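Okay, so the sequence shown: first residue is 1 according to the authors' numbering, each after it adds one.
Cβ atoms here follow ideal geometry from the backbone N, Cα and C, with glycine treated the same way.
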Amino acid sequence: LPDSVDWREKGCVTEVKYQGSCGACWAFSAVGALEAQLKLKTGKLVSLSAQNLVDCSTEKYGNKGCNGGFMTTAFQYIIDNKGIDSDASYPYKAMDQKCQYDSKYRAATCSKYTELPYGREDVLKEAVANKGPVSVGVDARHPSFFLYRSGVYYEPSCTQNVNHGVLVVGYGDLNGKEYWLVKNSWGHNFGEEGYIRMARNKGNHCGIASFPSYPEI
Ligand SMILES: *CC(=O)[C@H](C/C=C/C)n1cc([C@@](C)(NC(=O)c2ccccc2)C(C)C)nn1
Numbered sequence: 001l002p003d004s005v006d007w008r009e010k011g012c013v014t015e016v017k018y019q020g021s022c023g024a025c026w027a028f029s030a031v032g033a034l035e036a037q038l039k040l041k042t043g044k045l046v047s048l049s050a051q052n053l054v055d056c057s058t059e060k061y062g063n064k065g066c067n068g069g070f071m072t073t074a075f076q077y078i079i080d081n082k083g084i085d086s087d088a089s090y091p092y093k094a095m096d097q098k099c100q101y102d103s104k105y106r107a108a109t110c111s112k113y114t115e116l117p118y119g120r121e122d123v124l125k126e127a128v129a130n131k132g133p134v135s136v137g138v139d140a141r142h143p144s145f146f147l148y149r150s151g152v153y154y155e156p157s158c159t160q161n162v163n164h165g166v167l168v169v170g171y172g173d174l175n176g177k178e179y180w181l182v183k184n185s186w187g188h189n190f191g192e193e194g195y196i197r198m199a200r201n202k203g204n205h206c207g208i209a210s211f212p213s214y215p216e217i
């Protein structure tokens, strides 16, 4: 496997989004993973509709819109629904709305998704190298996460219990300090232009590998 990966260099990662007052991190995590797959298939980078997931991937999928949801079952909705709309066509409003999916504005499909084994940072590495960005959960319930500005994030008080959905778009190191490159959905003013580098190979740190999945077009 490559020692370092960064899917932004391949034009597979869209601009960092801002979820605002809605608990839609799961939706941003899911669309971000599919956005990379859409680029890899079609050669076009298109932001996909997190709102579509918030409004439509609801109770049937165990999801609660702005009150939370699952990246896995969001993918299942995209499969079941035979599509997801573009963000441009179905824009994000940081609130629960009636489902307004329109297949005319379908920008991506999903045929399947793969869930990676709990805590296997080796398997996650392989997936990020060979498949694409991987939707993950993390423990972000420590002020150090919100306060993160730069460097490789290590928080001794982190648990492996996931409470925040983000997207692993690469991995690398600084002279042996290994990290996962994570795209957040708190806008570009969070961390390193909207990204956080999180400690890799330090015991499933902050649950980075607790809940990983990636879709396929
Ligand atoms: C990060 C985010 O927007 C939130 C909640 C923010 C609270 C301040 N969020 C966390 C999640 C997770 C953990 N799923 C659930 O919490 C959930 C809740 C209800 C039904 C299903 C799932 C995912 C797994 C990251 N989703 N949104």
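CB contact flag (residue i, residue j, <7 Å)
i, j, result
"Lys177", "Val138", "no"
"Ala127", "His164", "no"
"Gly83", "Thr58", "no"
"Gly132", "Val162", "no"
"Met95", "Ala30", "no"
"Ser185", "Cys25", "yes"
"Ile196", "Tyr154", "no"
"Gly194", "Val46", "no"
"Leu34", "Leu53", "no"
"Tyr113", "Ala50", "no"
Which of helix, strand or coil DSSP assigns to residue i
i, result
"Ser111", "coil"
"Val16", "coil"
"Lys10", "helix"
"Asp173", "strand"
"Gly165", "strand"
Among the options, the one whose alpha carbon lies nearest that of residue i
i, options, result
"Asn130", "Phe145, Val168, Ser86 and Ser150", "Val168"
"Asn204", "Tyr214, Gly191, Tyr118 and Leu174", "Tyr118"
"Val182", "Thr73, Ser111 and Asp6", "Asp6"
"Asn81", "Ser21, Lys93, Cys66 and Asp55", "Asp55"
"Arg120", "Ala209, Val13, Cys12 and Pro215", "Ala209"
"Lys104", "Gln160, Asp85, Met71 and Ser213", "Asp85"
"residue 225", "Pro215, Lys202 and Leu1", "Residue 225 cannot be examined here, being either before or after the span of the chain that is shown, 1 to 217."
"residue 266", "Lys10, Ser4 and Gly68", "For the chain, the structure presents residues 1 to 217; residue 266 sits outside this window and is missing."
Range covered by the beta strand (DSSP E) that runs through residue i
i, result
"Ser213", "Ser213 to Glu216"
"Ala199", "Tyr195 to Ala199"
Residue span of the alpha helix (DSSP H) that contains residue i, given as start and end
i, result
"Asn52", "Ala50 to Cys56"
"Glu35", "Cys25 to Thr42"
Original post:
Enumerated in chain order, which unbroken segments of the alpha helix (DSSP H) with a length of 4 residues or greater are wholly contained in the segment 60–148?
Top reply: Given a length threshold of 4 residues, each whole run of the alpha helix (DSSP H) inside the segment 60–148 is given here in chain order: 71–81, 121–130 and 143–146.
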